[PDB]
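K.L.:
Numbering-wise, the sequence shown is residues 210 to 334 according to this note's numbering.
Before we start, here is the structure in question, set down as structure tokens.
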Amino acid sequence: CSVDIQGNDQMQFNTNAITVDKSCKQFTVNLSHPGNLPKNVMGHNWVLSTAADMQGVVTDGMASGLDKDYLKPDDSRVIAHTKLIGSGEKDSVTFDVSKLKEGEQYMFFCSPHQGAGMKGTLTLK
Ligand SMILES: [Cu+2]
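Structure, rendered in structure tokens:
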């Protein structure tokens with residue numbers, strides 16, 4: 210009921226496909242940042258939304274800027290998210306699996322780097 214995820218100095222997560230076991234009550238993502246670049250150069254977060262909401266979350270987050278960790282304040286579309294981290298930092302987020310529904314498609318992504326491909330799927334199993 211947990212996954213360790215890395216975002217590196219080249220806008221890449223170490224996985225592009227997460228599976229959440231339907232028997233989990235909560236799910237935890239442990240985000241870390243191998244490499245050497247700080248968060249005001251190559252910072253990463255881990256953000257979860259439906260596939261349909263991803264674009265809006267990204268656009269509005271980029272617009273909100275570094276001072277808001279690249280997320281729109283109180284964004285109702287964001288199911289769960291970590292803070293923005295630089296190399297050597299770490300952050301975890303836990304959310305209730307009840308927030309995910311059968312038949313929906315979910316995406317995870319780093320909001321400042323989603324346009325550069327830093328995204329992947331999240332699926333119940
Ligand atoms: Cu990033």
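Every residue gets a Cβ at the ideal spot worked out from N, C-alpha and C, and that includes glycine.
Under 8 Å by Cβ, that's how I've got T237 and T303 pegged, so tell me the actual separation to the nearest angstrom.
P.N.:
Contact holds; Cβ gap of about 4 Å.
K.L.:
Across which residues does DSSP place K328 in a beta bridge pair?
P.N.:
According to DSSP, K328 bridges with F318.
K.L.:
Okay, do the stretch 220-239 and the stretch 272-281 touch, 3+ Cβ pairs below 8 Å being the bar?
P.N.:
No: the two stretches stay apart, fewer than three of their Cβ pairs being nearer than 8 Å.
K.L.:
Leaving aside the five residues before and after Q215 along the sequence, list all residues of the same chain whose C-beta is less than 6 Å from its C-beta, in chain order.
P.N.:
Excluding residues within five positions, the ones whose Cβ falls inside 6 Å are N223, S241 and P243.
K.L.:
Tell whether a beta-carbon distance below 7 Å holds between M251 and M327.
P.N.:
No, the Cβ-Cβ distance between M251 and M327 is not below 7 Å.
K.L.:
Is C233 near ligand 1, with its Cβ less than 6 Å from a heavy atom?
P.N.:
Checking the Cβ of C233 against ligand 1 gives no.
K.L.:
Per DSSP, which one or two residues make a beta bridge with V212?
P.N.:
Per DSSP, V238.
K.L.:
Counting by C-beta, which residues lie closer than 6 Å to a heavy atom of ligand 1, in chain order?
P.N.:
Taken from the N-terminal end onward, the list reads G216, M220, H253, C319, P321, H322 and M327.
K.L.:
Let me check one thing: in DSSP terms, what residues is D300 bridge-paired to?
P.N.:
DSSP output for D300 lists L240 as bridge partner(s).
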